[PDB]
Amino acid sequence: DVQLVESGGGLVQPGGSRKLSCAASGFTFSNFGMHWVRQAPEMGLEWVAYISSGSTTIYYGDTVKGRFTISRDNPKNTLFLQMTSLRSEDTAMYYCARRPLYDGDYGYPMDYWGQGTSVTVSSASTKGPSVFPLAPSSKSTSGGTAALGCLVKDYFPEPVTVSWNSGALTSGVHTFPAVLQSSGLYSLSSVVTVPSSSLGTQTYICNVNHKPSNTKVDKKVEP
């Protein structure tokens, strides 16, 4: 099937530059126009740039014109967004999206979006999280249910990605929205509820990935 995967995000100081990539598979890339769209909580969804299949037509959003350059490598099935003179307001999740063929004839809008790659613009320095277990105990049990988790403390910038058992465990997981600490560093917890009868035989590992600090940590949470 169709697959779009963005990469290259991270932390950039104001005035700096960064190049994002979007790898396409599952279709004939060279036949389709492509878009970059970005999203920030205060921004909503905001179209950034368009490049036609043969790069003959290129359009830019008003607030990025002159700083951002969209391009593509059709042989390598890749779309690019070069960002320059980055500003605080460029902080956002960046998505690539496919433009279906001939929307003047059939009317299909941008239809396949990637998962996005995050960009934060600030002068603060990156810092990777410390990961601590939230161990199940008699104080975290109720009627045959046990709660356990991982505390992911003191990192910058957002986001951190948390999985359990390398993505095999998802049911009952609650990964909380991060809080901002007075230090300017973020912290969150990820918890799950499981059978208390499971604690002696099952293995529960939280996988924490913080790309801006190249931090990858696996924490086994033991009773």
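Numbering starts at 1 and follows the sequence shown.
- Between 104 to 112 and 149 to 157, the higher mean Cα B-factor belongs to 104 to 112.
- 200 to 208 and 21 to 29 differ in mean CA B-factor, and the higher of the two is recorded for 21 to 29.
- For the set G167, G66, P195, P177, the PDB entry assigns the largest Cα B-factor to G66.
- Comparing the listed residues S163, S171, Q181, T56, the entry records the largest Cα B-factor for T56.
- Per the deposited record, the Cα B-factor of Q82 falls in the highest third when ranked against the other modelled residues of its chain.
- Sort the chain's modelled residues by C-alpha temperature factor and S130 lands in the middle third, per the entry.
- Annotation for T117: CA B-factor lies in the middle third of the chain's modelled residues.
- Compared with the other modelled residues of the chain, the Cα B-factor recorded for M43 ranks in the highest third.
- Ranked within its chain, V221 lands in the lowest third, by CA B factor from the PDB record.
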